[PDB]
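One structure is given below, encoded as structure tokens.
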Ligand SMILES: CC(C)(C)c1cc(C(C)(C)C)c(NC(=O)c2c[nH]c3ccccc3c2=O)cc1O
């Protein structure tokens, strides 16, 4: 059978009306050629009347009476014919929509009904085969996609074929010669599109690869930002970013030639094939057979059929997606095992049920998503035993609990029963005989008594009132309004843990159960209600058949037999007194267990007025490219005019002359004007996309502060804004020239053409164009005004579906199943009533959308008839009104297509505005006099408080003052690593101190030029920023006030010990490492990071964190570089593993932002405070 035979399944009239709607769609397709036919039929008659009026004419007014009487007699019969086709399309439109909404709805209601019930009759396999929430959500929307998968798309497919083949049958019958040419050009247009797609593709690939390099050049440089600021490499990296965008600017400009030429060639094939068909068509009259006038309008109906099949393709593509998501997951609705638990079957266990014995279990994990981790379990319980399990071990004991039901059934080992087996028996009785107590009861609610009744659906209030007492739930059912029928939200969203627990114990007791079973049930309770719950779980046991598991060895002694499970298998089996007399494994266990929505405006115009290269000739080009399109209709009007009303004189020469004019004027100009319009806005966008990207990336690379402290930013996410905004703003250029073009193809030429209308054709144009624009703008609202309300009826009906399965301990009561289906039988009924209603609404609006075609033709006939005919009827300008209506329909589509490409581009403008206005924290200041006498300085700190760029991370530095002298070490340690690290990272200016300040001596580092500061500061990175440059550059990523030379790369290699690598390899300083450093271990990377500080002679030096992940060589040969990098130069080092850096002339202990001890290392080893207490725990 077909896949669609399973979608359109069951029912009677539910299937039969699909045939009625299919027949309506066929007739609605055949009506479109018949509307073309009559305008042709009039053209045969008018080509006779009009030419006889120039050829053996009855004077020049008796023809205007005798011939015109027959024309208005005929037009009075035509007034029946086109009105009958009009009445037809109004009816079949509503019958087609009645199929789409009401016949589909007659299946889709029962499909949704049996879908919610199919989760319930999936019984066990719903737990294994994907997961709750999403499996319910995708299925809930995919059974909505089935509506299109059986609906309108199938109608549109048959309707377009009926227009196509119906038009072709008439076009063969009246003149197959031209109808064969319409077949022959279709593969040529398809081949042209088959070139256009390759031209669009294999230029964009290279534009993407050119940009991908500019992306990677931004990403690593922004991640490394404060280090690239400290080296000075911005003078290299800003041009690496620029030139990869110059390559993209060499590529996009060539696509802006080739794609525009390939579209112009497709337009040229259209103008040329139409012109050749017209000239061949009149040659098949004034020489030859199989033409007249009407045949041309018949051949145009075949082209309307090809357009109708084009309009069907997006509906067939939507139908392919409606096959898509729905038909595969339809197997989880049915073709699943579907019976697995025996949900409404089985004979009763009238051996009372109780006498279980598990044997040689090796079973699966629950849901089979994890492997069978359990190996070895055997376990007894018999009628008149509390068996208590000891040796608790999580999932490896919880499997034994979930195996107590038709939810998991053993395969790896067995259960044994003293009678008929528990896998075979009555599943409702099996749910209700046991009180199955989990610490968390995941349960749907509405009242407390209804939640208790979700244990067993047959109850009396006399059972309920005892159940709330003996579960000890009575305290809150006395405090709450309406008591046991007190109102509560879904999942119990107004109840604490111990309250839900005592309600779930009442939900057990109301069964009159014989057995108690406990999923570790003392765990996760509140310590008030844990005791009140234990007293309820003791009250729930009349000296009777129980299987208890708990973290408290109280309920384990409130019992009859211990069963011990150190790992797996039963190791001990005796009384709690016995295993404490004889002091076994139970006694061993007793000894341990007792985006920017404010879219911008105005400023955008002055910004683009600063960005753009003023190619204003593209505006003139868009105007003339628009005005050329109605000139096709002017020359075609002149062909119809001379052919209907010239008489025979010169006709073959007039047709040949107008053919030559038509072919040349459209083929030459339209190609050039589309090409030059596309190539002008393309080149404007090539400047804009490059110029914006350079300015915003340069702005980012001059503001880390107030943008990397943003928890709402991510480096790659900013690189997506660099991707998207610079492309969206490019689309926001060419679309505006397309809006200029369509205005001139429409009213900007159409009103000038109306200066030669006899007012009747102006009334015709004005009666149609705004009304068809209003119709589509209403049709929009009619559709969307259902869909939002349909979604909210479905959403409310979805909450009560997910609440039926996430609340999985409702499958452990199983009698609420058909009560949920009873809720769904009313809930699915409100959107189905909405669907029955909208079948009329869409019926009348889609019917009115046909009525405008009858009205258009009927007005065009009845505004020429009699009143213009008496003058001689206008053999011109009638065609121009229809072309202006087509340019009006084109205009509405062109303008509404670019509406989101206003809105998105105004959001991209808000993103661009934030980043061009910058953060003023890392710029070229000059209030502090830059003095050379203090490159090493005497760095003063005073009153200092600091909180990290992660802004919630507390003011961790708190009132500090310190100094470090010219050439001195200042080693820092402190109670949580923040007391040391913040002092380096504020001197980096990677954030400002919120109070206090820091000074080079008597002049402020908050006010010193950040690039002068970053000329004297060296900084050691935990990770070297790395593209595959030479080793020389992979030390020296630029310099802020120096010149890199042989001597500095010698010092930086030798002092940092990294010359171990550089003097060894091929090429020495020239050689390679790959992006991120393919052969660079931690020890090499930190020795490179030391070299990067040293290669500019750093008069002040900063060692951020004195080990990364280092040990052995990789640590001690790094310390052998740390000691060589400090001393004689003003060096701050934040001590980590104190068995790296303890060598310093001064150390300071910064406890929670204040000094607690200080001195040289040996003076602090004497101080028996914090420092010696931090040494005396490292070793
Ligand atoms: C916005 C909305 C409601 C989806 C809508 C819009 C239009 C436009 C804007 C193109 C008139 C249309 N129009 C069309 O699809 C068509 C417009 N002009 C034609 C001219 C000749 C042959 C077919 C069409 C056509 O299908 C239909 C709509 O349903």
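Heads up, chain A uses Swiss-Prot numbers, so what you see runs 33-626, 687-1271.
Each residue, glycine too, has its Cβ placed from N, Cα and C.
Record features (Swiss-Prot):
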type	residues	note
BINDING	423, 424, 425, 426, 427, 428, 429, 430	ATP 1 binding site
BINDING	1066, 1067, 1068, 1069, 1070, 1071, 1072, 1073	ATP 2 binding site
DOMAIN	50-353	domain 'ABC transmembrane type-1 1'
DOMAIN	388-624	domain 'ABC transporter 1'
DOMAIN	707-996	domain 'ABC transmembrane type-1 2'
DOMAIN	1031-1269	domain 'ABC transporter 2'
CARBOHYD	83	N-linked glycosylation site
CARBOHYD	87	N-linked glycosylation site
CARBOHYD	90	N-linked glycosylation site
TOPO_DOM	67-112	topological domain 'Extracellular'
TOPO_DOM	134-182	topological domain 'Cytoplasmic'
TOPO_DOM	205-211	topological domain 'Extracellular'
TOPO_DOM	233-290	topological domain 'Cytoplasmic'
TOPO_DOM	313-326	topological domain 'Extracellular'
TOPO_DOM	729-752	topological domain 'Extracellular'
TOPO_DOM	774-828	topological domain 'Cytoplasmic'
TOPO_DOM	871-930	topological domain 'Cytoplasmic'
TOPO_DOM	954-969	topological domain 'Extracellular'
TRANSMEM	44-66	transmembrane segment
TRANSMEM	113-133	transmembrane segment
TRANSMEM	183-204	transmembrane segment
TRANSMEM	212-232	transmembrane segment
TRANSMEM	291-312	transmembrane segment
TRANSMEM	327-348	transmembrane segment
TRANSMEM	708-728	transmembrane segment
TRANSMEM	753-773	transmembrane segment
TRANSMEM	829-849	transmembrane segment
TRANSMEM	851-870	transmembrane segment
TRANSMEM	931-953	transmembrane segment
TRANSMEM	970-991	transmembrane segment
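Shown on the structure are the features that Swiss-Prot records.
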| residue | record | Cβ within 10 Å |
| --- | --- | --- |
| 83 | N-linked glycosylation site | 16 |
| 90 | N-linked glycosylation site | 13 |
| 423 | ATP 1 binding site | 21 |
| 424 | ATP 1 binding site | 16 |
| 428 | ATP 1 binding site | 18 |
| 429 | ATP 1 binding site | 19 |
| 1066 | ATP 2 binding site | 26 |
| 1067 | ATP 2 binding site | 17 |
| 1069 | ATP 2 binding site | 15 |
| 1072 | ATP 2 binding site | 26 |
| remark: Per the Cβ under 8 Å criterion, with at least 6 residues separating them from its ends, the transmembrane segment (931-953) contacts 60, 67, 70-71, 74, 107, 110-111, 114-115, 117-118, 121-123, 125-126, 128-130, 132-134, 137, 855-856, 859-860, 863-864, 867, 870-871, 874-875, 878, 970, 973-974, 977
| note | To the nearest Å, Cα residue 626 and Cα residue 687, with 60 residues unmodelled between, lie apart by 57
| message | Measuring Cα to Cα, how many Å separate residue 426 (ATP 1 binding site) from residue 83 (N-linked glycosylation site)? | response | 99
| message | Ranking 44-66, 183-204, 291-312, 851-870 by the number of C-beta pairs under 8 Å to the transmembrane segment (212-232), which range is first? | response | 291-312
| How would DSSP class residue 1068 (ATP 2 binding site) in three states? | coil
| task | Restricting to the same chain and to sequence separations of six or more, state which residues have a Cβ under 8 Å from that of residue 87 (N-linked glycosylation site). | result | 739, 740
| DSSP helix/strand/coil residue counts for the topological domain 'Cytoplasmic' (233-290) | 55 helix, 0 strand, 3 coil
| task | Select the closest residue to residue 1070 (ATP 2 binding site) from the following binding-site residues, measuring between CA atoms: 425, 429, 430. | result | 425
| task | Can you grab the distance from residue 425 (ATP 1 binding site) over to residue 1068 (ATP 2 binding site)? Cα atoms, rounded to a whole Å. | result | 36
| Between residue 1072 (ATP 2 binding site) and residue 428 (ATP 1 binding site): CA-CA distance (Å) | 47
| task | Verify whether three or more Cβ pairs under 8 angstroms connect the transmembrane segment (970-991) with the transmembrane segment (708-728), leaving out any pair fewer than 6 apart in sequence. | result | yes
| query | Helix, strand or coil at residue 424 (ATP 1 binding site), per DSSP? | reply | coil
| task | May I ask for the residues of the chain that lie six or more residues beyond the topological domain 'Extracellular' (954-969) and have a Cβ under 8 Å from a Cβ within it? | result | 78, 82, 85, 96, 100, 103-104, 107, 111, 729-730, 732-733, 736-737, 845, 848-850, 852-853, 855-856
| field | residue 1066 (ATP 2 binding site) and residue 83 (N-linked glycosylation site), Cα-Cα, nearest whole angstrom | value | 107
| remark: Among 113-133, 291-312, 327-348, the most Cβ pairs under 8 Å with the transmembrane segment (183-204) come from 327-348
| query | Near residue 1068 (ATP 2 binding site), which residues of its chain come within a Cβ-Cβ distance under 8 Å, counting only those 6 or more away in sequence? | reply | 1048, 1244
| said: Which one is it, among the recorded positions 90, 1069, 1071, 1072, that lies nearest to residue 423 (ATP 1 binding site) by Cα separation? | reply: 1069
| said: Between the Cα atoms of residue 430 (ATP 1 binding site) and residue 1069 (ATP 2 binding site), what distance do you get, rounded to the nearest Å? | reply: 43
| remark: In this structure, the one of the binding-site residues 425, 430, 1073 whose CB has the fewest other CB atoms within 10 Å is 425
